[PDB]
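Just one chain follows, in the form deposited in one PDB entry, and it is written as structure tokens.
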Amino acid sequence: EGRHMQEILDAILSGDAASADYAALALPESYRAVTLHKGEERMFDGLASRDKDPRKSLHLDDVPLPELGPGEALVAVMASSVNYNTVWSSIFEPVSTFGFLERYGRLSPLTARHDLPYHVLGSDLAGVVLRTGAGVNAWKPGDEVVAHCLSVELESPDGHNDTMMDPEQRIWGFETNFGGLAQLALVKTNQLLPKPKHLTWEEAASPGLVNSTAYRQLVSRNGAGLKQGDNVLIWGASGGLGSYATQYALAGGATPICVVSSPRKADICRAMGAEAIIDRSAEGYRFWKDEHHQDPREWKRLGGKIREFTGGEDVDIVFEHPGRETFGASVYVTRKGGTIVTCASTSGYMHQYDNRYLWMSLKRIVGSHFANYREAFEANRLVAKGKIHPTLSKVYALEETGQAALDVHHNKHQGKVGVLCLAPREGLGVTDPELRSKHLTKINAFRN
């Protein structure tokens, strides 16, 4: 385990270590981390994406601690989660992350710390601050934290009216090194948020990435600007993003039309409170009739199915992310004047759509990407208030991150797949038991 690392974990588990105790703990010289290796980035060349196996490319390595810099924190990570970006990274698609690290390392000697022949992955965490760098006053050793994954330098003026517009804006653990699928992580302190006290470590680590994105994409004025009464088509409603978009639609007074591909996922949507659920596999939609042409009759068939649930109304908003396969239909079925908001292209990023439906019906396609610190704060605030709930289905140990990534790669999962890092077992970290007890049924709605 390592003596210094074990002493850090014992401090956390004791429950009554003070900030000065964490400050006095000796730092280990290495930590265990899930990594990619630069020499292997071509190992899947010529394969179909589905045949690329994250278990072959993900390694469990001992890596040295990076040097702590200004505005940063070293964090002892109790738990993290698998995200799709973890899957993209592990199959080197659409491009290898080592290209991101190389470009990032050119900015300054500080960013050059990230340009290494291994890539520590992971874009969520829940844990405890161990150290803070120069200029940090809002966070201190011992603070229980979750982290959002926005990395912004904010030297350029572009990001000072919404930090997502920073030209050097990046995603921590994907376009930067020292991610959260490890025993320790390095983050900017303007990634830190207070851990929800009613959640376990693994529950608390599970919402950060997808919940923040869903909030900006659906709730905020920088995305679709949902209002009560809206009809919202939610693709992938029982996956990572969808498990929060569906909660936002319902808690916001809108009507979600949830799309899933199994009756088990349909049951979860009903457990969340949704009533209008479409099983795209039962319906057998074939939006593309061959490699280059779509089928407008299948767009219309989806549109008619939506109208069955809404009493003849077309959706005000489409919550997109599947990309090429569904995007033509998404644009077609949207109400006149409505919005398709997209943050991803899982099935393929070369989108095709019929612009007659977009311009003649005054629709818009809004590109959305993660969330600024304020939006991340607001999304985590709603979790802390028990208004939005974690969606954990299954938890793996850190050593099993390859199988966890394979689960998501092959769409075998529901909700979020969590990963224990330093936490020795599930169930630890709750310090608000009465709030937990109030919401326990919903907290566990995605569990196997």
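For every residue, the number given is its place in the sequence shown, counted from 1. Only the largest set of C-alpha atoms that superpose within 1.5 Å between the two forms is called the rigid core.
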Check: Do the C-alpha atoms of 43-51 or of 375-383 have the higher average B factor in the entry?
Finding: 43-51
Next item on the list: Averaging only over Cα atoms, indicate whether 13-21 or 424-432 has the higher B-factor in the PDB entry.
Entry: 13-21
Margin query: Given 367, 157, 312, 122, identify the residue with the highest C-alpha B factor in the PDB entry.
Written below: 312
Item checked: Candidate set 324, 148, 198, 289 [ranked by C-alpha B-factor, highest] -> 289
Next item on the list: Sort the modelled residues of this chain by their C-alpha B factor and say whether residue 127 lands in the lowest, middle or highest third.
Entry: lowest
Checklist line | Position of residue 137 among the chain's modelled residues by C-alpha B-factor, lowest, middle or highest third | finding: highest
Notebook entry, point to check: Sorting the chain's CA B-factors, does residue 208 end up in the lowest, middle or highest third?
Noted result: middle
Item checked: residue 402 - Cα temperature factor, lowest/middle/highest third of chain -> highest
Notebook entry, point to check: Comparing residue 304 with the other modelled residues of its chain, is its CA B-factor in the lowest, middle or highest third?
Noted result: middle
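Just so you know, the form deposited in another entry exists too; it's not on screen, but the next bit is about it.
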Checklist line | 2 Å-or-more CA mover between the shown form and the other one, where superposition uses the core and the choices are 114, 188, 195, 265 | finding: 265
Check: Taking the rigid core as the reference frame, is the Cα of residue 160 displaced by 2 Å or more between the shown form and the other one?
Finding: no
Margin query: Superposing on the rigid core, I want to see if residue 139 changes position between the shown form and the other one - specifically a Cα shift of 2 Å or more.
Written below: no
Check: For residue 79, is the CA shift between the shown form and the other one at least 2 Å following rigid-core superposition?
Finding: no
